[PDB]
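The chain contents come next:
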Amino acid sequence: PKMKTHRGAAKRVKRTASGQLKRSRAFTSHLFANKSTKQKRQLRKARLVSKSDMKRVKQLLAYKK
Amino acid sequence: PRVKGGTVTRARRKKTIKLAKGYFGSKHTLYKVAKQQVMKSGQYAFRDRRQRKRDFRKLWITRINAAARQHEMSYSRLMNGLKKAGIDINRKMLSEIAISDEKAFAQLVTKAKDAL
Amino acid sequence: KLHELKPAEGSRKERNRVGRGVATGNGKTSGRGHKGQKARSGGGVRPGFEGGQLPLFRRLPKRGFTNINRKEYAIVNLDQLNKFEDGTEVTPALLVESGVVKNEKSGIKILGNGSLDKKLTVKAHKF
Amino acid sequence: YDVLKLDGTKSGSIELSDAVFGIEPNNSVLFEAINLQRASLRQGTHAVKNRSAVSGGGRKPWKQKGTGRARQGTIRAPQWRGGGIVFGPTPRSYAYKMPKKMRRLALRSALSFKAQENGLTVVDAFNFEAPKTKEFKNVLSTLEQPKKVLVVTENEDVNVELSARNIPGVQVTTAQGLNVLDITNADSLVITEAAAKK
RNA sequence: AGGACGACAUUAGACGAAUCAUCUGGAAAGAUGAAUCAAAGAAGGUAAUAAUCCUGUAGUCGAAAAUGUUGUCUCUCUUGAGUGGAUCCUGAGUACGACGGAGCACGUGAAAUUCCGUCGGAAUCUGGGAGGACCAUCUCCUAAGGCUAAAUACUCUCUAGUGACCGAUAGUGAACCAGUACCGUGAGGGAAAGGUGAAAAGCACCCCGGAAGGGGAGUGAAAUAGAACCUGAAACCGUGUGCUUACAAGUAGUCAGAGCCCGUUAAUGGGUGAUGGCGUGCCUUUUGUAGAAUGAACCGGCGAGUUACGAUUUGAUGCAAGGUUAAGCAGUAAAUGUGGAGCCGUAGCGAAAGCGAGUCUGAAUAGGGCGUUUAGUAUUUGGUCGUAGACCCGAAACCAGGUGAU
RNA sequence: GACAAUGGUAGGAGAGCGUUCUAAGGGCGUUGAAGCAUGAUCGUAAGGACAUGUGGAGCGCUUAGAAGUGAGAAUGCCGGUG
Ligand SMILES: [Mg+2]
Ligand SMILES: [Mg+2]
Ligand SMILES: [Mg+2]
Ligand SMILES: [Mg+2]
Ligand SMILES: [Mg+2]
Ligand SMILES: [Mg+2]
Ligand SMILES: [Mg+2]
Ligand SMILES: [Mg+2]
Ligand SMILES: [Mg+2]
Ligand SMILES: [Mg+2]
Ligand SMILES: [Mg+2]
Ligand SMILES: [Mg+2]
Ligand SMILES: [Mg+2]
Ligand SMILES: [Mg+2]
Ligand SMILES: [Mg+2]
Ligand SMILES: [Mg+2]
Ligand SMILES: [Mg+2]
Ligand SMILES: [Mg+2]
Ligand SMILES: [Mg+2]
Ligand SMILES: [Mn+2]
Ligand SMILES: [Mn+2]
Ligand SMILES: [Mn+2]
Ligand SMILES: [Mn+2]
Ligand SMILES: [Mn+2]
Ligand SMILES: [Mn+2]
Ligand SMILES: [Mn+2]
Ligand SMILES: [Mn+2]
Ligand SMILES: [Mn+2]
Ligand SMILES: [Mn+2]
Ligand SMILES: [Mn+2]
Ligand SMILES: [Mn+2]
Ligand SMILES: [Mn+2]
Ligand SMILES: [Mn+2]
Ligand SMILES: [Mn+2]
Ligand SMILES: [Mn+2]
Ligand SMILES: [Mn+2]
Ligand SMILES: [Mn+2]
Ligand SMILES: [Mn+2]
Ligand SMILES: [Mn+2]
Ligand SMILES: [Mn+2]
Ligand SMILES: [Mn+2]
Ligand SMILES: [Mn+2]
Ligand SMILES: [Mn+2]
Ligand SMILES: [Mn+2]
Ligand SMILES: [Mn+2]
Ligand SMILES: [Mn+2]
Ligand SMILES: [Mn+2]
Ligand SMILES: [Mn+2]
Ligand SMILES: [Mn+2]
Ligand SMILES: [Mn+2]
Ligand SMILES: [Mn+2]
Ligand SMILES: [Mn+2]
Ligand SMILES: [Mn+2]
Ligand SMILES: [Mn+2]
Ligand SMILES: [Mn+2]
Ligand SMILES: [Mn+2]
Ligand SMILES: [Mn+2]
Ligand SMILES: [Mn+2]
Ligand SMILES: [Mn+2]
Ligand SMILES: [Mn+2]
Ligand SMILES: [Mn+2]
Ligand SMILES: [Mn+2]
Ligand SMILES: [Mn+2]
Ligand SMILES: [Mn+2]
Ligand SMILES: [Mn+2]
Ligand SMILES: [Mn+2]
Ligand SMILES: [Mn+2]
Ligand SMILES: [Mn+2]
Ligand SMILES: [Mn+2]
Ligand SMILES: [Mn+2]
């Protein structure tokens, strides 16, 4: 059987790069006005899946790009 | 293809049991028991091969102590003089001379008695 | 030489047979070295993802073909029985420059930085 | 070029063919095709008994504790006499595939060894029934032989000890050409190879 | 919508090629010395291993009948095509809606498309449906009636064959009179157990004995193959006896070592062992086990990391800015030839419209993210993961069908 | 030729021994195969030979391929016998 793609992650990954998974970022939903405007503006810009986690999540997005 | 058990086992086990040859009772006849004995038997011989080196040096030393004692000299003193004498004979030789040749051993005694 | 074969050196290695004697006769020692030992790959005992999701996907997406077209000294195009594009959904012609020959390009949606050079040696545009 | 000995004779009527027939050496591919051939030639008809679901059985032989015997499940669990067989052979394919160009690299390097050793080319002739081929094979030739031609039924030599592979130069295989220590070729047959091999 | 003529086929079968001598030997097919056949050197049998000894094989013929099967006559059955359109006709308790369900990969969701229950309930070529809620428009169709081969699934059975599948604890539960001894009220559970020899030549006869069993004599190549019969391991049980042993505290051995006895795969030999040194089995599990923690009476057999398909990585090989086929046909259950749909690569960035060696954010040709500067791809050995029971054995339990108030 | 390193549980890496089957090559075998028994044999290990007795059909060697490939423990299963 073909490995299934964890489509719940794929709805939040975006591959591209030279193999790196792109981003999406936390605390970005609701409940503002407790984060700083500094925290607010900076969590807006996106950052990759970490080396240590790509070690763990490597299998699920095997079909992304 | 199925491989059967085949001969390989018996031939292996008999190897062991032949090693357990002088052994007592079923330590000479059962594999399971004789395996353990042959294991230990070499585990002893491995250490015993080192120990015999020291069991033997102690034998000569006492024998040297004995013939030194006959010339009113402790074994402690004799070796100190033989070092300063520059004699470099070694116990097993030194002791064997004391048994095979009373005169030769006496000479080295007097050699070591001076250079003190 | 059918009785004295030999595989290319470096291919082929004897597979590892765990559990067959005391040059390793195991795997781990307790916990999940139980048969069919779990942990989901992912399920690290608290979220893992659960952190944002951004999505869509729609329709029309072209198929690129860069100006490394050192083809003939002229002639028309889209002809890709020639060894160039294949599996095309459209055909944009992009840059990475070296319009070293003069010809007439033809495909749908040409890139401006490209077509500035294609038309600066022989002129060429189409749908 | 290579002499074309007369059938039964010596009419050494030379003619040219090489490069993708001589010249070529290779070995590392030549082995790997030999394995792909014999892989494919076997059915994997073997299948062992119980995935424990095979064999009648499956009540619990006695209650867990109170007995002083070990706990048991099916009386067909694999450590029993007559029980299931963990990870026996099951029927399966036993047969892979190798890239096209490399398949061609085999046959050339196969035939080129026969060129580097020795392998005869011939006129043809034909008729009916062959204790005669022994006299035809005794022109000189050797222990194991194959012959090729686009046509067929010139092979009522099925029944010779050794030497009884004969196939069109399009049914040609890496086995023979490796197996057989000499090989004999009608021209035009050897032309049909030279056509395809390029 | 049912039946009359002669080709092939199925169900019995026939022909079918070519060897002698010797040595060994119980026996020749083996060895050896000369031969022969072959559209037949597949296989099995024959006193050891046989192309030429037999049954056969390649190949060739063969059917009274019985079905099966078709070519073809008959046999029915046959009426076959176009222009225009006034006013008719093209499947009603239906399509459809609401409600409760159900189904579509699609969990009520924005929910198209499709079906049930229940009340409602249309239209009539100026018509109706569908195109993923819905309206308009456009395009495709024409529901509410029915029948339709082939390509697809399966194997209790038949014939013919095949296997880097088992070879008697394996392989079917069952090689043997197995769903049988056996067990249960019943449903139901369910074994064990193959092998004398080439040939029964299966031991006439004498002998001890009631017999059983045995010593002779015999058949046999062999019964030190004699029936509970090929081989005949180990545990276990015994007979004989070379060295040793009744003042000694021992995980049984190891190291040292006299004495005695023997004489080998002939090598700084073998057996035994007064006496001295040293010395608390193994496995598991443990901070730590001589452990008084666990396991094993012993010996034998059996008994656990597999395979498929995906992923990733390494190694090998082929091509290379390309690499490569899938089904399918062809083929001898191959290899291979075919087949370029397809997949990955040559370009990236963005949620996206989209722009492009650059793009995104941004008001910015600031900065900053990802990318540019160059190598991939196919097969495959190995490692590992994922899907599978997924290394093996083990629950108390749960559900479904049944069987039981003797 | 010197000179260094070489205790080791989980565990990683490496090189190998043997078992059954296949392929090709080359062989042995009723003047006695496998198996079994015995030995004072060889190799660093797994392990390999040779000799003799037994036995009465078969079996190995080389190279490569594939695995139902290796047992001492599971209150493991089955048999036999303490
Ligand atoms: Mg993208
Ligand atoms: Mg992040
Ligand atoms: Mg049950
Ligand atoms: Mg033939
Ligand atoms: Mg004879
Ligand atoms: Mg002969
Ligand atoms: Mg026979
Ligand atoms: Mg309704
Ligand atoms: Mg059959
Ligand atoms: Mg009588
Ligand atoms: Mg026999
Ligand atoms: Mg015995
Ligand atoms: Mg404890
Ligand atoms: Mg204990
Ligand atoms: Mg290159
Ligand atoms: Mg930038
Ligand atoms: Mg940058
Ligand atoms: Mg119930
Ligand atoms: Mg004889
Ligand atoms: Mn998905
Ligand atoms: Mn997500
Ligand atoms: Mn928000
Ligand atoms: Mn804060
Ligand atoms: Mn077998
Ligand atoms: Mn075993
Ligand atoms: Mn290994
Ligand atoms: Mn454990
Ligand atoms: Mn663990
Ligand atoms: Mn595990
Ligand atoms: Mn389990
Ligand atoms: Mn069952
Ligand atoms: Mn008990
Ligand atoms: Mn079975
Ligand atoms: Mn006949
Ligand atoms: Mn005949
Ligand atoms: Mn004869
Ligand atoms: Mn026939
Ligand atoms: Mn209608
Ligand atoms: Mn509708
Ligand atoms: Mn509706
Ligand atoms: Mn509804
Ligand atoms: Mn729509
Ligand atoms: Mn069938
Ligand atoms: Mn047996
Ligand atoms: Mn009964
Ligand atoms: Mn018989
Ligand atoms: Mn009698
Ligand atoms: Mn006789
Ligand atoms: Mn018996
Ligand atoms: Mn017997
Ligand atoms: Mn005393
Ligand atoms: Mn005494
Ligand atoms: Mn004490
Ligand atoms: Mn002692
Ligand atoms: Mn002590
Ligand atoms: Mn163990
Ligand atoms: Mn105790
Ligand atoms: Mn415990
Ligand atoms: Mn116990
Ligand atoms: Mn046991
Ligand atoms: Mn891991
Ligand atoms: Mn696994
Ligand atoms: Mn070490
Ligand atoms: Mn050290
Ligand atoms: Mn380890
Ligand atoms: Mn390893
Ligand atoms: Mn041999
Ligand atoms: Mn065998
Ligand atoms: Mn096994
Ligand atoms: Mn028992």
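Residues numbered from 1 in each chain as written, not as in the entry; some residues may be left out. Chains lettered and ligands numbered in written order. Part of a larger assembly, values for the part shown. Heavy atoms only, no water. Residues with missing side-chain atoms left out of burial classes, pairs and counts.

Per the PDB record, this model was obtained through X-ray crystallography at a reported resolution of 3.4420 Å.

The number of helices and strands found in chain B is five helices and zero strands. Reading chain B from its N end, one meets helices and strands in the order α-α-α-α-α. Over its C-alpha atoms chain B spans a radius of gyration of 26 Å, topping by over 25% the 13 Å that the globule rule assigns to 116 residues. Based on the C-alpha atoms only, the size of chain B along its principal axes is roughly 85 × 30 × 20 Å. Put simply, of all contacts in chain B between residues at least 6 apart along the chain, 46% involve residues at least 24 apart. (Helix = DSSP H or I, 4+ residues; strand = E, 2+ residues; numbered from the N terminus. Rg over C-alpha atoms; globule rule 2.2 N^0.38 Å. Contact = heavy atoms within 4.5 Å.)

Our focus in this paragraph is the overall build of chain C. Each helix and strand counted, chain C has one helix and two strands in total. Along chain C, helices and strands appear, N-terminal first, in the series β-β-α. Against the globule reference of 14 Å for 127 residues, chain C gives a C-alpha radius of gyration of 29 Å, more extended than a compact globule. Each of the three principal axes of chain C carries a C-alpha extent, and together these read 75 × 65 × 20 Å. Looking at chain C alone, contacts between residues at least 24 apart form 45% of all its contacts between residues at least 6 apart.

Okay, the interface of chain A and chain C next. Counting residues at the interface gives eight residues for chain A and seven residues for chain C. Residue classes in the side of chain A that touches chain C are distributed as four nonpolar, one polar and three charged. (Nonpolar A, V, L, I, M, F, W, Y, C, P; charged D, E, K, R; others polar.)

Our focus in this paragraph is the environment of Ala93(C). All names here are of chain C. Looking at the secondary structure, you find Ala-93 in strand 2 (residues 93-94). C-alpha of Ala-93 to C-alpha of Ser-115: the two residues are 22 residues apart in sequence and 7.7 Å apart in space. Not counting the four nearest positions on each side in its chain, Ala-93 is found in contact with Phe-65, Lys-109, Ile-110, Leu-111 and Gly-114.

We now examine the arrangement of the chains. Sorting the two pairs of chains in contact by contact count puts chains C and D at the top. No part of chain B reaches chain C; the closest C-alpha pair between them is 14 Å apart. The least C-alpha distance between chain B and chain D, which are not in contact, is 8 Å.

Notably, a salt bridge pairs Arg56(A) with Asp53(A), separated by 2.7 Å at the nearest N-O pair. Taken together, the residues span about one helical turn, with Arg56(A) and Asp53(A) both in helix 3 (residues 51-57) at a distance of three residues. Notably, a salt bridge pairs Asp48(B) with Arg47(B), separated by 2.7 Å at the nearest N-O pair. (Salt bridge = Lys/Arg side-chain N within 4 Å of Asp/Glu carboxyl O.)

We now examine the packing of helix 1 (residues 28-40) of chain D against helix 2 (residues 100-116) of chain D. Residues and elements named next belong to chain D. Where helix 1 meets helix 2, the closest approach of the two axes is 8 Å, and the angle between their N-to-C directions is 110°. Here helix 1 is positioned roughly perpendicular relative to helix 2, judged by the angle of their axes. Facing helix 1, whose interface residues are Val-29, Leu-30 and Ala-33, helix 2 presents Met-102, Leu-105, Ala-106, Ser-109 and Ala-110. Its residues placed into classes, the contact of helix 1 with helix 2 shows seven nonpolar, one polar and no charged. (Axes fitted to C-alpha atoms, helices over the stretch in contact; angles between N-to-C directions. Parallel < 35°, antiparallel > 145°, perpendicular 65-115°, else oblique.)

A few words now on the interface of chain D and chain C. Each partner contributes residues to the interface: chain D has 10 residues there, and chain C has seven residues. Broken down by element, the side of chain D that touches chain C gets its largest block of residues, six residues, from helix 1 of chain D. Classifying every residue of the side of chain D that touches chain C gives five nonpolar, four polar and one charged.

Moving on to the sheet that holds strand 2 (residues 146-148) of chain D. Residues and elements named next belong to chain D. Reading across from one edge, 1-4-2-3 is the order of the four strands in this open sheet, with parallel pairing throughout. Of all the strands in the sheet, just strand 1 (121-122) and strand 3 (165-166) have a single pairing partner and so form its edges. Pairing of strand 2 with strand 4 (residues 184-186), which is carried by two bridges, proceeds in the parallel orientation. Bridging across to strand 4, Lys-148 finds its partner in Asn-185. (Pairing = 2+ DSSP bridges.)

On to the packing of aromatic side chains, then. Aromatic pair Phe56(B) and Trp60(B): ring centres 6.1 Å apart, planes at 55°, arrangement tilted. Highlighted residues: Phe56(B) and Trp60(B), both in helix 2 (residues 31-70), separated by four residues, approximately one helical turn. Taken together, a centroid distance of 6.1 Å and an interplanar angle of 50° make the contact between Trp62(D) and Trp80(D) tilted. Of this pair, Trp62(D) sits in the loop between helix 1 and helix 2 while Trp80(D) sits in the loop between helix 1 and helix 2, and the two are 18 residues apart along the sequence. (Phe/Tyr/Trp six-rings, centres within 6.5 Å; stacked < 30°, edge-to-face > 60°.)

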